[PDB]
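Participant:
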Ligand SMILES: [Mg+2]
Ligand SMILES: [Mg+2]
């Protein structure tokens, strides 16, 4: 039939897999073939829509329910087996663009996971529906290992991932890290194209500690390659105060960061101890800098933007320098904050975008600009644009855009902004616990005056970001 992976809708790092003939959803599936299935015409009925789910490694073995529990079992040729191993593929119960699997012999019951085990249950609640919805990733899906010089995406590229960091490495892959909705782990994925980030198999490369430091909220990881090694800069609270957040570093010298060993290097200390988050790094003219957000107890803002020179990838040196603090009304809706700095170099300037206001629909982006020949450690080299440079747009239906990163087309010729936003405005409850910020991308245009034009957040759907020009 058709080889496929079956990815969970609500745990999109997790896949239906053979676990020594038991059946569960897991991340980090090893061997990868445990998550590979062949969708074949239904054993009990080969009509349109009916399928059976066969193991690739164990041909003749299929997913079969018994007492509402799933096992991977050898087809015994009986009618009861065929019926217990046949499903109708129907529009996803939680989202009709995804897939749900309705039992052939129990048509009110669907394949679902609970406590990570695969079951066949009736589906009542909104959570039941999410547990019963899956993404089929098959040969028709974008292949993350295939190169393409054109950049065409379908937004949202990655649902339910916030603070998206995309890094184009010198192996022909983009690497993506992001905040996950539970804020409890660091997830990494790679693809040769931006659109393939949607279908790439992520890996959980690190999970939070059970006690003490690095045991609270895990926020906004960024992967960088510096001096021949991989680094992840991330923000982590403690187990007794999820918001007592500091910067931490992981290091991996193995060349493939999805298979390599990651080592904790500890806290990246700054000039004082307080809420510190959202670090990024850039190099210019032989100096490396850290740029991050931090609370100053003496200033009534949740965080300000700081820069400092680095002494290698693990430390700053000298004094940190505040280059932005929230002061315009648009930086203070809900609360006064500047966070999520991202660096873009062009046209003789260093541009740093940042996000401001609360993380609901009011979230937006501002811009800092310095001449690239100026003293970057002098606050007066940095100039804040007086208005937001990217914000909600009711006409495109995108709300609270921010915590962006910048990458390029594969050929390096154009800049592309990757960021999160919601496709609805009103949020119920604490916005930190609304998980529906989705990762998306669009071109960065350039004004004739040399400054970036971020435009408005594009509506959901297909966006042609870049087609490479051709010499006559
Ligand atoms: Mg089972
Ligand atoms: Mg960041």
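Residue numbers (the entry's author numbering): 6 to 477.
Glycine included, each C-beta is placed from N, C-alpha and C at the ideal position.
Would the C-beta of residue 285 count as close to ligand 2, meaning under 7 Å from any of its heavy atoms?
Facilitator: Position 280 of the chain shown, counted from the first residue, corresponds to residue 285. Correct: residue 285 has its Cβ closer than 7 Å to ligand 2.
Participant: Examine ligand 2 and report whether any of its heavy atoms sits within less than 7 Å of the Cβ of residue 371.
Facilitator: Locating residue 371 in the chain shown gives position 366, where the first residue counts as 1. No, Cβ of residue 371 sits at least 7 Å from all heavy atoms of ligand 2.
Participant: If you check the beta carbons only, do residue 75 and residue 103 fall under 8 Å apart?
Facilitator: To locate residue 75, count along the chain shown from 1; it is residue 70. To locate residue 103, count along the chain shown from 1; it is residue 98. No, the pair does not count as a contact, with Cβ atoms beyond the cut-off.
Participant: Within the continuous beta strand (DSSP E) that includes residue 124, where are the two ends?
Facilitator: Here the question's residue 124 lines up with position 119 in the chain shown. For residue 124, the uninterrupted beta strand (DSSP E) segment begins and ends at 122–127.
Participant: Could you tell me how far apart the beta carbons of residue 375 and residue 386 are, in whole angstroms, since I believe they sit closer than 8 Å?
Facilitator: Here residue 375 refers to the residue found at position 370 of the chain shown. Here residue 386 refers to the residue found at position 381 of the chain shown. Between residue 375 and residue 386 the beta-carbon gap is near 5 Å, inside 8 Å, which marks them as a contact.
Participant: Measuring only from the beta carbon, is residue 86 closer than 7 Å to any heavy atom that is part of ligand 1?
Facilitator: As a working mapping, residue 86 is identified with position 81 in the chain shown. Residue 86 Cβ: outside cutoff for every heavy atom of ligand 1.
Participant: Quick one: residues in its chain with C-beta nearer than 8 Å to the C-beta of residue 362, no 5 flanking neighbours on either side, listed in chain order?
Facilitator: Indexing the chain shown from 1 puts residue 362 at position 357. Cβ within range, chain order: 335, 336, 337, 338, 339, 340, 342, 368 and 369.
Participant: In three-state DSSP terms, what is residue 438?
Facilitator: As a first step, residue 438 must be located in the chain shown, where it is residue number 433. Residue 438: helix per DSSP, three-state reduction.
Participant: Using CA coordinates, which residue listed in 420, 282, 6 and 182 is at the minimum distance from residue 458?
Facilitator: Working through the chain shown from its first residue, we reach residue 458 at position 453. Among 420, 282, 6 and 182, the Cα nearest to that of residue 458 belongs to 420.
Participant: Listed by chain order, which residues have C-beta atoms less than 7 Å from any heavy atom of ligand 1?
Facilitator: 27, 28, 74, 75, 76, 122 and 123
Participant: Select from 106, 96 and 110 the residue whose C-alpha is nearest the C-alpha of residue 85.
Facilitator: Counting from one through the chain shown, the residue named residue 85 turns up at place 80. Here the closest residue by C-alpha is 110.
Participant: Using the beta-carbon count (16 or more within 10 Å), is residue 268 buried or exposed?
Facilitator: Counting from 1 along the chain shown, the entry for residue 268 is found at position 263. Exposed, since its Cβ has fewer than 16 Cβ neighbours within 10 Å.
Participant: Report, in whole angstroms, the separation of the C-beta atoms of residue 409 and residue 358, which I expect to be a contact under 8 Å.
Facilitator: Within the chain shown, numbered from 1, the residue matching residue 409 stands at position 404. Within the chain shown, numbered from 1, the residue matching residue 358 stands at position 353. At roughly 6 Å, the Cβ-Cβ gap stays under 8 Å, so residue 409 and residue 358 are in contact.
Participant: Let me know the secondary structure DSSP gives residue 298 once reduced to three states.
Facilitator: Taking the chain shown and counting its residues from 1, one reaches residue 298 at position 293. Of the three classes helix, strand and coil, the one that applies to residue 298 here is strand, per DSSP.
Participant: Express the C-alpha separation of residue 323 and residue 99 in angstroms, rounding to a whole number.
Facilitator: Along the chain shown, one-based indexing puts residue 99 at 94. Along the chain shown, one-based indexing puts residue 323 at 318. Distance between the alpha carbons of residue 99 and residue 323 is about 52 Å.
Participant: Ligand 2 and residue 407: does any heavy atom of the ligand fall closer than 7 Å to the residue's C-beta?
Facilitator: If you number the chain shown from 1, residue 407 lands on position 402. No - ligand 2 has no heavy atom lying nearer than 7 Å to the Cβ of residue 407.
Participant: So, for residue 37: in the same chain, excluding its five sequence neighbours on each side, which residues have a beta-carbon less than 8 Å away from its beta-carbon?
Facilitator: Taking the first residue of the chain shown as 1, we reach residue 37 at position 32. Within the same chain, 206 come within 8 Å of residue 37 by CB-CB distance, once the 5 residues on both sides are set aside.
Participant: Nearest CA to the CA of residue 19: which residue from 26, 163, 59 and 34?
Facilitator: Here residue 19 refers to the residue found at position 14 of the chain shown. Ranking 26, 163, 59 and 34 by Cα distance to residue 19 puts 34 first.
Participant: Is residue 347 near ligand 2 - that is, is its Cβ less than 7 Å away from at least one heavy atom of it?
Facilitator: For the purposes of this step, residue 347 is taken as the residue at position 342 of the chain shown. Yes; taking the cut-off as 7 Å, the Cβ of residue 347 has a heavy atom of ligand 2 nearer than that.
Participant: In three-state terms, what does DSSP make of residue 243?
Facilitator: Within the chain shown, residue 243 is the residue found at index 238, counting from 1. In this structure, residue 243 counts as strand in the three-state DSSP scheme.
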